[PDB]
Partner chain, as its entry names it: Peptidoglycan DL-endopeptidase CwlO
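Only one chain is given next, in structure tokens, and it is the form solved without the partner chain.
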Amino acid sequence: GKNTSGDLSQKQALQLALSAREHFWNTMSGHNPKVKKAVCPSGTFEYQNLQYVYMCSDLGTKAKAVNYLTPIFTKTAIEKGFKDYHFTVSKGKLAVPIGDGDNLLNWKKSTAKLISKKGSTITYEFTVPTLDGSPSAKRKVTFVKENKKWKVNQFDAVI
């Protein structure tokens, strides 16, 4: 190839995807390790028959956590990924249910393919090789420019 058009391209989509996987897994981990000076309350409680953990002070409220995700994810993608994972507030502090997750998907070795390019919305497909040595998985990721920055339209789009 020797031609480019639109505004978002294969490199940008791939890095946006890696950054979204980094932000999602660190949010599910109860704390963003990008901050070393966060106050971690370390307490737990019970809600909807699950054990919940409180977030550290840079994710300490819904506003704090939305503000951390805003650069990567659209407002509606963040609100959807709060509800779908049962994110809540207790005693003024953000909390998330106890669990664990990890994918064999090697996104650092994945490659992007354009699917659709329509004004303020663009879609790429990703061929993602595995750390197991199994054949590469296919995934699809849509990016939307919300004002002046391209953001992922889904919180769990890349993991």
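Numbering follows the first chain given and starts at 1.
What comes next is about the form solved in complex with the partner chain, which does not appear here.
Taken together, the three residues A63, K93 and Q154 all stay farther than 4.5 Å from the partner chain in the deposited bound form, as judged by their closest heavy atom. Note on the interface: of 50-58, 111-119, 32-40, 66-74, the segment with non-hydrogen atoms within 4.5 angstroms of the partner chain in the deposited bound form is 50-58. Taking the partner from elsewhere, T130 is found to have a heavy atom lying within 4.5 Å of the partner chain in the deposited bound form. Contact check for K149: no non-hydrogen atom falls within 4.5 Å of the partner chain in the deposited bound form. Contact check for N103: a non-hydrogen atom falls within 4.5 Å of the partner chain in the deposited bound form. Although the partner is absent here, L18 lies well away from the partner chain in the deposited bound form, with no heavy atom inside 4.5 Å. Taking the partner chain as positioned in the deposited bound form, the residues of 9-41 that bring a heavy atom within 4.5 Å of it are, in sequence order, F24, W25, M28.
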